[PDB]
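Ideal geometry is used to build each Cβ from the backbone, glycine not excepted, and the neighbour counts take in all protein chains shown. Just so it is clear, none of the values below were taken in a lab; they were calculated from the coordinates.
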Amino acid sequence: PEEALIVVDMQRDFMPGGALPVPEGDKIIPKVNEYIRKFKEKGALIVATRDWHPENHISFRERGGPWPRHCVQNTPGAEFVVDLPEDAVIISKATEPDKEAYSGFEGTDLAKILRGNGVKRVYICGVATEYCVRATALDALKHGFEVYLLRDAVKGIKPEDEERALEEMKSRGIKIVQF
């Protein structure tokens, strides 16, 4: 199809009550699900990215990284918290012990899959705005996709960082919309 929805890291550990929670991250889940449903009705490709970490990943504290253990392979924390269609494409990133990857494009087949399905425009939602959502949106832009940001279906960790990221994304070519 011509458009794709990309749902960034809507996982248990990034929601309130998780190991690396996004403040009020759960409040965007209804709208995120609503966009999925909407895009799914329009026959659009649905993509869901997930951190899929091995134990002792380089980003973890135990190897001196900034984050506590989170979103480990085959654990409750890595579970999706959104309702995805059967035909959703799942993208797992940062699966190797030393492979770092904020963007859903980093070390994945995301670009080739997108072009192989004839996608021309991508819509980004998810968490966190100033981290993986921005990185993924910026990488989508790199690869020549028309990129949109779903304003009411993204959430970040600190407002000022959030605002910063949204501004930066807009100045670079990323369209911010809602519907």
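Annotations for the structure displayed:
- Hits in the range 1-46 (condition: among the basic types (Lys, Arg), more than 16 Å from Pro76 (Cα to Cα) and in contact (Cβ under 8 Å) with a residue 60 or more places away in the chain): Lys27, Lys31
- Residue selected from the range 110-163 under the condition in contact with a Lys or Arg (Cβ under 7 Å, 6 or more places away or on another chain), among the acidic types (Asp, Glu) and within 23 Å of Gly25 (Cα to Cα), by the criterion surrounded by the fewest Cβ atoms within 10 Å (Cβ to Cβ): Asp152
- Listed by position, the helices (runs of 4 or more DSSP H) contained in the range 88-176 that have at least 3 residues being under 14 Å from the mean Cα position of the chain (by Cα) are 134-142.
- Unique match (being charged (D, E, K, R), in contact with a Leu (Cβ under 9 Å, 6 or more places away or on another chain), farther than 15 Å from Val154 by Cα and surrounded by fewer than 18 Cβ atoms within 10 Å (Cβ to Cβ)) among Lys99, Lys38, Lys31: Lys38
- Given (1) farther than 18 Å from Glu130 by Cα; (2) free of Cβ contacts under 8 Å to residues at least 40 places away in the same chain; (3) surrounded by 15 or more Cβ atoms within 10 Å (Cβ to Cβ); (4) not aliphatic (A, V, I, L, M), index of the condition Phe105 fails: (1)
- Every residue from the range 21-46 that is in contact with a helix residue (DSSP H, G or I) (Cβ under 8 Å, 6 or more places away or on another chain), more than 18 Å from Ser92 (Cα to Cα) and not in a helix (DSSP H, G or I): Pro21, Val22
- Test: residue in the range 111-118 that is more than 25 Å from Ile174 (Cα to Cα) and either in contact (Cβ under 8 Å) with a residue 40 or more places away in the chain or of a type in the set (S, T, N, Q) (or both): no
- If you go through the range 59-78 and keep only what is surrounded by 15 or more Cβ atoms within 10 Å (Cβ to Cβ), in contact (Cβ under 8 Å) with a residue 40 or more places away in the chain and more than 28 Å from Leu114 (Cα to Cα), you end up with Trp67, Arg69.
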